[PDB]
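1. Pasting the sequence and an experimental structure:
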Number of protein chains: 4
Amino acid sequence: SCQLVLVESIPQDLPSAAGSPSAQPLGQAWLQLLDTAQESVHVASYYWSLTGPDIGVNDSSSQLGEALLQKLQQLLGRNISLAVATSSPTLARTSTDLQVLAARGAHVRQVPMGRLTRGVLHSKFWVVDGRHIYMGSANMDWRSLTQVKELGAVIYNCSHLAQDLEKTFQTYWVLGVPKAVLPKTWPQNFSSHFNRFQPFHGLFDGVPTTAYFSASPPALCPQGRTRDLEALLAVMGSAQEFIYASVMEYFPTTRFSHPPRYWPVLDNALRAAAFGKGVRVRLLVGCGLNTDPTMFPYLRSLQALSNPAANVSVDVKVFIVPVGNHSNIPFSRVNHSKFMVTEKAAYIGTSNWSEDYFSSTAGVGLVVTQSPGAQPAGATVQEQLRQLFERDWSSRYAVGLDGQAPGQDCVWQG
Amino acid sequence: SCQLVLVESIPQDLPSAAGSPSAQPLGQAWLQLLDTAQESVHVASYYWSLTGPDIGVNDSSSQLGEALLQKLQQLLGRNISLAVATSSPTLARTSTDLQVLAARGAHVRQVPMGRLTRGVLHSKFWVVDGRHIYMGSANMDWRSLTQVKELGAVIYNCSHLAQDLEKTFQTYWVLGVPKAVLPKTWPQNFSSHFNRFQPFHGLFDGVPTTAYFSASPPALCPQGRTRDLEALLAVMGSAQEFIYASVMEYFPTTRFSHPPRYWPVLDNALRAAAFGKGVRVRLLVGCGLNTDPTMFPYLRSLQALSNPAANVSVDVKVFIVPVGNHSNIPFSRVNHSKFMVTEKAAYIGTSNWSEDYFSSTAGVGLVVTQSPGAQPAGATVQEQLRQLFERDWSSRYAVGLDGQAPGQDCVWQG
Amino acid sequence: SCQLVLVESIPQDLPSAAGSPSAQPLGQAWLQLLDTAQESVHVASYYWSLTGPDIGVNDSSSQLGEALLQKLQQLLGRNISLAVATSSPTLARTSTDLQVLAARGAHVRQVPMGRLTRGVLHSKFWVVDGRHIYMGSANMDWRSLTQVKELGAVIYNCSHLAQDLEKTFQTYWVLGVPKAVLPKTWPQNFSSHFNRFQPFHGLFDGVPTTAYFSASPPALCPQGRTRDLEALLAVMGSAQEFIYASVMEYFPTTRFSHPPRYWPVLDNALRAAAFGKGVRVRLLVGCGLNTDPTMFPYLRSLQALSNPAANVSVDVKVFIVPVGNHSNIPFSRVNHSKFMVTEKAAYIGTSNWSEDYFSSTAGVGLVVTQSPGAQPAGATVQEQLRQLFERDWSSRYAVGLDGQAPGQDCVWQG
Amino acid sequence: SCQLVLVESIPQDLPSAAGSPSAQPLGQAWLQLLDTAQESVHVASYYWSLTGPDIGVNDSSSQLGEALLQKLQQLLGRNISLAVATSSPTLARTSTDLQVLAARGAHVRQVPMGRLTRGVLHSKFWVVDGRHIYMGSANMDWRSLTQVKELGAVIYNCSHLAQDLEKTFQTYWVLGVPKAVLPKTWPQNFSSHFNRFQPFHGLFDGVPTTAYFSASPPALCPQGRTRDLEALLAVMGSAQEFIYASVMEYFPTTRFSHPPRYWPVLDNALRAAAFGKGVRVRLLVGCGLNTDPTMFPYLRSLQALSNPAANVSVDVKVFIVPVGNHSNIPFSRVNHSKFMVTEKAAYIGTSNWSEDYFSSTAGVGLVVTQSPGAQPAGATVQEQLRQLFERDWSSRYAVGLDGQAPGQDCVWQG
Ligand SMILES: *[C@@H]1O[C@H](CO)[C@@H](O[C@@H]2O[C@H](CO)[C@@H](O)[C@H](O)[C@H]2NC(C)=O)[C@H](O)[C@H]1NC(C)=O
Ligand SMILES: *[C@@H]1O[C@H](CO)[C@@H](O[C@@H]2O[C@H](CO)[C@@H](O)[C@H](O)[C@H]2NC(C)=O)[C@H](O)[C@H]1NC(C)=O
Ligand SMILES: *[C@@H]1O[C@H](CO)[C@@H](O[C@@H]2O[C@H](CO)[C@@H](O)[C@H](O)[C@H]2NC(C)=O)[C@H](O)[C@H]1NC(C)=O
Ligand SMILES: *[C@@H]1O[C@H](CO)[C@@H](O[C@@H]2O[C@H](CO)[C@@H](O)[C@H](O)[C@H]2NC(C)=O)[C@H](O)[C@H]1NC(C)=O
Ligand SMILES: *[C@@H]1O[C@H](CO)[C@@H](O[C@@H]2O[C@H](CO)[C@@H](O)[C@H](O)[C@H]2NC(C)=O)[C@H](O)[C@H]1NC(C)=O
Ligand SMILES: *[C@@H]1O[C@H](CO)[C@@H](O[C@@H]2O[C@H](CO)[C@@H](O)[C@H](O)[C@H]2NC(C)=O)[C@H](O)[C@H]1NC(C)=O
Ligand SMILES: *[C@@H]1O[C@H](CO)[C@@H](O[C@@H]2O[C@H](CO)[C@@H](O)[C@H](O)[C@H]2NC(C)=O)[C@H](O)[C@H]1NC(C)=O
Ligand SMILES: *[C@@H]1O[C@H](CO)[C@@H](O)[C@H](O)[C@H]1NC(C)=O
Ligand SMILES: *[C@@H]1O[C@H](CO)[C@@H](O)[C@H](O)[C@H]1NC(C)=O
Ligand SMILES: *[C@@H]1O[C@H](CO)[C@@H](O)[C@H](O)[C@H]1NC(C)=O
Ligand SMILES: *[C@@H]1O[C@H](CO)[C@@H](O)[C@H](O)[C@H]1NC(C)=O
Ligand SMILES: *[C@@H]1O[C@H](CO)[C@@H](O)[C@H](O)[C@H]1NC(C)=O
Ligand SMILES: *[C@@H]1O[C@H](CO)[C@@H](O)[C@H](O)[C@H]1NC(C)=O
Ligand SMILES: *[C@@H]1O[C@H](CO)[C@@H](O)[C@H](O)[C@H]1NC(C)=O
Ligand SMILES: *[C@@H]1O[C@H](CO)[C@@H](O)[C@H](O)[C@H]1NC(C)=O
Ligand SMILES: *[C@@H]1O[C@H](CO)[C@@H](O)[C@H](O)[C@H]1NC(C)=O
Ligand SMILES: *[C@@H]1O[C@H](CO)[C@@H](O)[C@H](O)[C@H]1NC(C)=O
Ligand SMILES: *[C@@H]1O[C@H](CO)[C@@H](O)[C@H](O)[C@H]1NC(C)=O
Ligand SMILES: *[C@@H]1O[C@H](CO)[C@@H](O)[C@H](O)[C@H]1NC(C)=O
Ligand SMILES: *[C@@H]1O[C@H](CO)[C@@H](O)[C@H](O)[C@H]1NC(C)=O
Ligand SMILES: *[C@@H]1O[C@H](CO)[C@@H](O)[C@H](O)[C@H]1NC(C)=O
């Protein structure tokens, strides 16, 4: 009785066009998921910034944040197991949510991801009651609920996939023991029973569905677990009609490893598809006050690939979120959705598109494919993702690379 | 002793800027080579169009081709061996000079490159007496001597490199036997002594020099021989200051196979060098009345990586040649140069930069490295090649990609 | 619902020690597999010698072959498709069984492996109904059932792996078309799913299992398929406790190509494992009346590495089979088992250990790894193979390399 | 006017059979070389123990070393430049010869080979006045003159070979500057002009002669320098009649590394030659009280390939130097010769046969080919080396691998 529902977070003061597709809000989904929890809650997060005073700002947009924190506290008051895995080189170093939760009774382990592979634990997912899971780009932060546009997937009553994700969470947990090292071969406990060529077949609300989970980096991939890079490559290469993708930040270079090197894999896979198979490739990126201006030339090259007379169609746009009054809060008002949708499959990832995210930085992602079933009224997951992507593109917040009119709130040329 | 002098052909009515560097004319070098011939002449060519009537055009510019054919016939009259290897799917269908030479007593073999690897014999080199060797992007054609602009290299009196290229020609020759098949392995008699790791060593006019030869496709590459792709990639990677390249066509895809596919090897190498190593990259391409307009989008994409702030600098310009009154002569008034210049190497080759030239189509490439010697007067071959490239780059006939203007001679999309 | 059961055949007049481990007889498994067939039977074989008179000798041991042929004819009677792939240079020329089945309605095709890759089709496997497979060294011959020691593996109700093997069978079938050549690249039809990197996960009778296949020569290996030599090297390298191997022929040299060469790849792998990793290595070799006496120098050289003090233990034994009153049967009374078992994987192949078997002839392999299940169940396939190897090793028919008894049977020094 | 002289040192109490061939004594050649030099002397050595008190032993066999040290001091008196390159982790640590020479005025520079490449400076050669050279296995030790059997080569009045060895010694000296690292690419001068494909031709005493130098490790090989491993492989492969080799120790493994690995390159080359070419392969490994007993299994494995019926001859023996009354002297009474003999060439090296000497430990080697001249009076160098090897082989001091008589003063089993 697996149930899959798309979930996303719309930032404050970001009205959409009339009659536009939409999914369930993120805060309501998280609150309901935590309410339905009865045995244990496992969460892997990059950082915790649930309350406003953690950052140091005084705003009314963190109400959902401390509501979530007090919900966590009252859940801990009901004698429910709670495990948190977080990266040792955390982001918000002034927050006290982890200490408060640990004092209340939860167990928190800091994964030394920066020492093991010179990276960070970017994975963000939940495993609630060993039956319900959440997967998406959102972080444990009020900004991700009210300021940053998110997109994720939450699954209910799907024990097999829940245990599949729990295996990865257990790898993270056992890596969090003090003075731990990477096992050469992972034991026969973390091996995944579902992968790219043997997906989990099920009937999601009477609709056939094939799903599997991808993990990264390769050093943390147990036997039988498909890597994130190969899942992405398979999704892109299996395309026959179009490839609609949207990431917060994308360029074919290594960022935090010196010396910098070219990483042309995802770009080559895009150009090869768009040329050989003639698939309409559309790419969305996020532009904000913290955006690196050096990213744009690569996007301009990809746009320059376009040639309608030769059946090569590549289009690249950027996403602008108007800051408006919300200028005091840092690292907000950014399109943080990371996913692509094909006419066949639908990939919902966590990591960005760079060498480090697929070689050094821990990540996770899931691929689903809902073939049409016995209910003509029902719409498949890929159709919903495509509708959301088209709503994003048709919105006035998406500006082409050529358009650099004043008033846009991002660095642009820089 | 080895001598090395660059040779290039300047088309009629194509004056250069005052004070520009020059080189030895191609026709004079060919006549000198034929005059110095005393034992045997081995020629590997794509097609033969020496006479004006062979094409069918009544023009006075073919007088030099007539003189060259007369010199060849005179050489054949002095009991001098002349072996010619040509591709089976030739181009000048209506040519009769080869038949005349065969009647005079020359040995000609039609290499069945079409039925062997689905390609052609694009290699255009020249071995005289086993000592003097010419190689460049110039076919045995009068328009290639007075109407088209190429650049080749002739090496005098120096026998070991001549023997190496003679081994390559012997592979081409043994492939010319009727009803011959591609050997699975090559005998020891076909094995190049010099490669990337162990290049030839010599003192060229009192100046130290290292050189070696490359061949393609890998099917016709015996043990020890370096592939053209390998040599090009090594030359690109070794460079740390600048990379100057001139080619008639630059297609990052296949050109004649079905279905077409992306081949980003050269593009990836160029981008990786220009980004990681901070190497200045300049690319010059040829324009003609018969040119595929789909090449331009890839050139624009490569040009788009032009952010000077991040130490990345790529520039692309096209090189046109005015038609003038020579509209009657077909497939002429184009830039035929095919070479790469770096600060430590100078690649001169006969193949274009598409996939088939390195996968199926036969070709030969020469990489020559020179260093400042004891003498303080002369300049290295790299310096001369760089000066010639700069002269072409600063010429009025070279315009930018966005330099489309009325009166040009490119196809220019459309 | 896959079920893997190890199968083997014990020759008559070859008693074993009391209480020795034993597996399912080969004849019963073959008869059951034929009986369960209802859609189609695909068999790839080296030669066909089902009937006793085909060889030319009458014996009571041919009754099993007669029964097998009768079963096959009965299957042909019930409108059951039967496709047969056989090498063009067959071994037993006097074989009327193939003609009988062709008259009855078979689809025998002669693969010209001799002309294509200068080899033979040594593959021996069945694909029954597209769900059940058989893999082993037993080519269909009454001598194999009654007079030759054999070992193989049969898998039931495992349709995915059956399709994976049907891919290789379809490769052989396509190569069997008259006037056919090796394609430069195999189509996407024949691309495999499971290799050493992503094996096939399954719960075989309540026990976790990972399995995949191999193919040879590399010319006939499509995309995504692991080479037989590569799989063998991976299995050898991964082993950390012991390596037990039993083959008919082990030659570190090319066996049929002229001029002879040295191919130390397998020998180097064995020595490197036994030295660097300190793994016990045991080698068992069948020794019939047709074995080449030049075998023994290499086996003695491998044995000479035995140094118990320096943690380098290598043992080699020779397994002879008594002849007795079965001398009239040619090409019989041998040990045809070709497999290697380690502490983490079990390899069952259909080819010997020589350069030709991995570069010129066609063969397939099967690598199975079983983990101890949660239930006690029985024993893993690796444990069963190890027990069989120990039973063979401790048998009186197995002798040391220096124990050449006068009353033995093999050629020994010749 | 180059002259090549083979020099060897027979230790005390080591008689030879009547009529045995012999060469010039090493000490006499060294004294003559030191006397001849009048401009500069360059030496490279593993260690410096020229006097008995350096080790701490009083014996009459140190008089030669003391006389050599006195000769060096006298040469320093005549104001002759003398440079020394030695490994930082030198074997002898209580010696004071280097300090005495430095106090006299000679420049001594330590080469930190143990830090740059985790190896030692095993090279042993001299360059006097840039016209005469010496290369052999003898160190700057009186034991190498009186208590160790040694072989070396001395070249007189040869400018070009002296210059090449001067380039090698100059690389060694440049590395010796304090706080230095391996240059990414060596400057122009360090490049060599003679390699295995372009040897230095000359009329050595009136007969034709081709020779070239080799160097190791690859980190210390400039452009145009043939790697000594490549030289060994070439002289082994080019063999067609016999391969006579004599080394102190022979391990197809890694001696000083962690974890140890199997290194079969030389073993594979020897076996491939002996099998494919049918070349009589002979080995002469030195044995002594300090010999590692773990080498013998590899020698037994090599010898077990012997098969006169199939034209394989891999006979292996061991050389034993009797201790006699010289038990007090440590690290002495061993065969330290390192050379290879062939009907074509004659390799002389300064390193044993192990992965360390070709991966990390530095070393040099000289390859000399002497074609027969017009005058048959002068025996070629290959003939002399073969005669010396035969004299050592047929001597009573050489014992087969099966001979383990108690009075043999060797380790054998241990
Ligand atoms: C997951 O399954 C459980 C049990 O099958 C569902 O819980 C039931 O939900 C229905 C619908 O509201 C109630 O009428 C039942 O009383 C519930 N039973 C129990 C034992 O809780 C649950 O709703 C399912 N999950 C989701 C998201 O629907
Ligand atoms: C771009 O794609 C279109 C769509 O296929 C091509 O137009 C025709 O498509 C049909 C589809 O059945 C083909 O049978 C035709 O061969 C296609 N061409 C023509 C001229 O009808 C179009 O040709 C493609 N563009 C290029 C440059 O090939
Ligand atoms: C190749 O070398 C020969 C001699 O080694 C050159 O011949 C000489 O050339 C010079 C200049 O052209 C003349 O002054 C001499 O009289 C020639 N001598 C002989 C014996 O021929 C020859 O020119 C060289 N090749 C080239 C192409 O220059
Ligand atoms: C399938 O099997 C049936 C028998 O079970 C075959 O039936 C016979 O066919 C022949 C003609 O080929 C008739 O003369 C017989 O009378 C049939 N026997 C029956 C109907 O019992 C049938 O031909 C087979 N299918 C084929 C080969 O097409
Ligand atoms: C493979 O699957 C078939 C069913 O498709 C199995 O056949 C059943 O086996 C059970 C247990 O022996 C019997 O109780 C049933 O009556 C069988 N049904 C049929 C229709 O035959 C079979 O046992 C499985 N294993 C094999 C063939 O090895
Ligand atoms: C052979 O291997 C065993 C273990 O694989 C080695 O035993 C170890 O020896 C070292 C030093 O002698 C001890 O520190 C370890 O505790 C031992 N381990 C075990 C499990 O016993 C043995 O030394 C090896 N033999 C040789 C000659 O190296
Ligand atoms: C082993 O070497 C011998 C040579 O001693 C080979 O004998 C050959 O006999 C044939 C018969 O006329 C002749 O070619 C020569 O007398 C020998 N050949 C050579 C090359 O010397 C014998 O054939 C060899 N055995 C092998 C290669 O298996
Ligand atoms: C935050 O702002 C509100 C509204 O002005 C104010 O009442 C409150 O005291 C502020 N809190 C802090 C900690 O500054
Ligand atoms: C939780 O457990 C404590 C003791 O461990 C107990 O006092 C308390 O009542 C429990 N609360 C719930 C909600 O189970
Ligand atoms: C693997 O899981 C089982 C329970 O399923 C447990 O008993 C065992 O200890 C686990 N292995 C490791 C290495 O933790
Ligand atoms: C932002 O500031 C403007 C100007 O005062 C105000 O009209 C608007 O309501 C503010 N937006 C908020 C408070 O969300
Ligand atoms: C070519 O043109 C010349 C004059 O331009 C003329 O004399 C000659 O006859 C022409 N020949 C041909 C074949 O057209
Ligand atoms: C050259 O060829 C001609 C024609 O076959 C012949 O007559 C002559 O003898 C040959 N040799 C010479 C001219 O030295
Ligand atoms: C090398 O061997 C081939 C093999 O037949 C032969 O055709 C060729 O002429 C030989 N080359 C020589 C001997 O230079
Ligand atoms: C790279 O660029 C930075 C500033 O953009 C500059 O400081 C630096 O010198 C550049 N690198 C080199 C090698 O010049
Ligand atoms: C073309 O012809 C015209 C008139 O005949 C002449 O003025 C011009 O110079 C010619 N151009 C060339 C390039 O010869
Ligand atoms: C084989 O069987 C018996 C031998 O026991 C013999 O009499 C018979 O004739 C033989 N059969 C054939 C078909 O040759
Ligand atoms: C090739 O693939 C097509 C489509 O999947 C299928 O219809 C056909 O039977 C396949 N042929 C072979 C030989 O596998
Ligand atoms: C071979 O002889 C044994 C006894 O020596 C006997 O049991 C067996 O039946 C004989 N073989 C045949 C085929 O009769
Ligand atoms: C021992 O050494 C002393 C010098 O310390 C020397 O005089 C004496 O001769 C030596 N004894 C020998 C060589 O037996
Ligand atoms: C060596 O140099 C010294 C420097 O003082 C000088 O006294 C001596 O005479 C020189 N010896 C020679 C030139 O032989």
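-> Okay, I see it. Numbers count the residues shown, from 1 in each chain, chains lettered A, B, ... in the order given. Ligands and ions are numbered 1, 2, ... in the order given.
2. Spell out which parts of the stretch 151-300 of chain A neighbour chain B.
-> Contact residues, the stretch 151-300 of chain A versus chain B (CB under 8 Å from any CB of the partner chain): A:252-253, A:259-262, A:264, A:268, A:271-272, A:275-276, A:293-294, A:296-298, A:300. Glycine gets a C-beta too; all of them are placed from N, C-alpha and C.
3. hmm, 6 Å instead?
-> Selection of the stretch 151-300 of chain A residues close to chain B by CB under 6 Å from any CB of the partner chain yields A:260-262, A:264, A:268, A:271-272, A:275-276, A:294, A:297, A:300.
4. and which of these is nearest ligand 15?
-> Of all those, residue A:294 has the smallest distance to ligand 15: 9.5 Å, by CB to the nearest ligand atom.
5. quick one, what contacts the closest one?
-> residue B:310 (CB atoms under 6 Å, 6 or more residues apart in numbering or on different chains).
6. where does it fall, helix, sheet strand or coil?
-> Assigned by DSSP: H, G, I helix; E, B strand; the rest coil, the conformation of residue A:294 is helix.
7. And it, how far from residue A:306?
-> 22 Å (CB to CB, to the nearest Å).
8. Of all the residues in stretch A:103-114, which ones are buried?
-> Neighbour counts over stretch A:103-114 (16 or more other CB atoms under 10 Å in any protein chain shown) mark A:106, A:108-114 as buried.
9. Also stretch A:204-216?
-> Neighbour-count burial for stretch A:204-216 [16+ other CB under 10 Å]: A:204, A:207, A:209-216.
10. and it, how far out from the chain's middle?
-> A distance of 16 Å separates the centroid of the chain from that of stretch A:204-216, by CA atoms, centre = their mean, to the nearest Å.
11. quick one, helices of the stretch 51-200 of chain A?
-> Secondary structure of the stretch 51-200 of chain A by DSSP state H, counting those that start in this stretch: the helices cover A:52-55, A:63-76, A:97-104, A:113-116, A:143-146, A:159-175.
12. which one of the ones you listed has the most crowded surroundings?
-> helix A:143-146 (a mean of 26; mean count of other CB atoms under 10 Å in any protein chain shown).
13. how far is it from where the chain is centred?
-> In terms of CA atoms, centre = their mean, the centre of helix A:143-146 is found 14 Å from the chain centre.
14. Stretch A:159-173 now?
-> Taking CA atoms, centre = their mean, one finds stretch A:159-173 lying 17 Å from the centre of the chain it belongs to.
15. Any part of it near ligand 1?
-> No - Stretch A:159-173 stays clear of ligand 1 (CB under 6 Å from any ligand atom), getting no nearer than 10.1 Å.
16. List the contacts of that stretch.
-> Taking CB under 6 Å, 6+ apart as the rule, stretch A:159-173 contacts A:42, A:44, A:85, A:111, A:127, A:130-131, A:133, A:190, A:192, A:194, A:200, A:213, A:215.
17. just stretch A:272-287 next, same as before
-> Outside stretch A:272-287, the residues touching it (CB under 6 Å, 6+ apart) are A:236, A:239, A:242-246, A:248, A:250, A:270, A:311-320, A:334-335, A:410, B:261-262.
18. Give me the buried subset of those.
-> Buried among those by 16+ other CB under 10 Å: A:236, A:239, A:242-246, A:248, A:250, A:270, A:312-320, A:334-335, A:410, B:262.
19. For the strand ranked longest in chain A, name the packing helices and strands.
-> Longest strand in chain A by number of residues (criterion: DSSP state E): strand A:207-216. Applying 3 or more CB pairs under 6 Å, 6 or more residues apart in numbering or on different chains; DSSP states H and E, one finds that strand A:207-216 contacts strand A:200-204, helix A:228-237, strand A:363-369.
20. now, of those, which is deepest in the fold?
-> strand A:363-369 (a mean of 23).
21. by how many degrees do the helix or strand that it is followed by and strand A:200-204 diverge?
-> Once the chain leaves strand A:363-369, the next helix or strand it forms, by DSSP states H and E, is helix A:381-394. Relative orientation of helix A:381-394 and strand A:200-204, computed by axes from the mean of the first three to the mean of the last three CA atoms, to 10 degrees: 80 degrees.
22. Closest one to chain D out of the buried residues of stretch A:103-114, please.
-> Of all the buried residues of stretch A:103-114, residue A:112 has the smallest distance to chain D: 26.0 Å, by CB to the nearest CB.
23. if I look at the closest one, how far off is ligand 6?
-> Distance from residue A:112 to ligand 6, counting by CB to the nearest ligand atom, to the nearest Å: 29 Å.
24. Can you give me the neighbour number for the closest residue to that residue other than its chain neighbours?
-> In this structure, residue A:112 finds its nearest non-sequential neighbour in residue A:88, 4.4 Å apart by CB to CB, 6 or more residues apart in numbering or on different chains. Neighbour count for residue A:88, taken as other CB atoms under 10 Å in any protein chain shown: 15.
25. Residue A:88 against residue A:116, yeah?
-> No - the criterion here is CB atoms under 6 Å, and residue A:88 misses it with residue A:116 at 9.2 Å.
26. Just the CA atoms of the longest strand of chain A, as CSV, please.
-> Below are the C-alpha coordinates for strand A:207-216, written out as CSV (Å, rounded to 0.1, in the frame of the first residue of the first chain):
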residue,chain,number,x,y,z
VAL,A,207,-0.7,2.5,-10.3
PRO,A,208,2.3,0.4,-11.4
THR,A,209,5.5,1.9,-10.2
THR,A,210,9.3,1.2,-10.4
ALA,A,211,11.5,2.9,-7.9
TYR,A,212,15.1,2.7,-6.6
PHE,A,213,17.5,4.8,-4.6
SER,A,214,20.9,6.2,-5.5
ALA,A,215,23.8,7.0,-3.2
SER,A,216,27.1,8.9,-3.3
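27. now it and helix A:381-394, what's the angle there?
-> Using the same axes, to 10 degrees: strand A:207-216 against helix A:381-394 is 70 degrees.
28. Measure how strand A:207-216 sits relative to helix A:159-175, angle-wise.
-> Using the same axes, to 10 degrees: strand A:207-216 against helix A:159-175 is 10 degrees.
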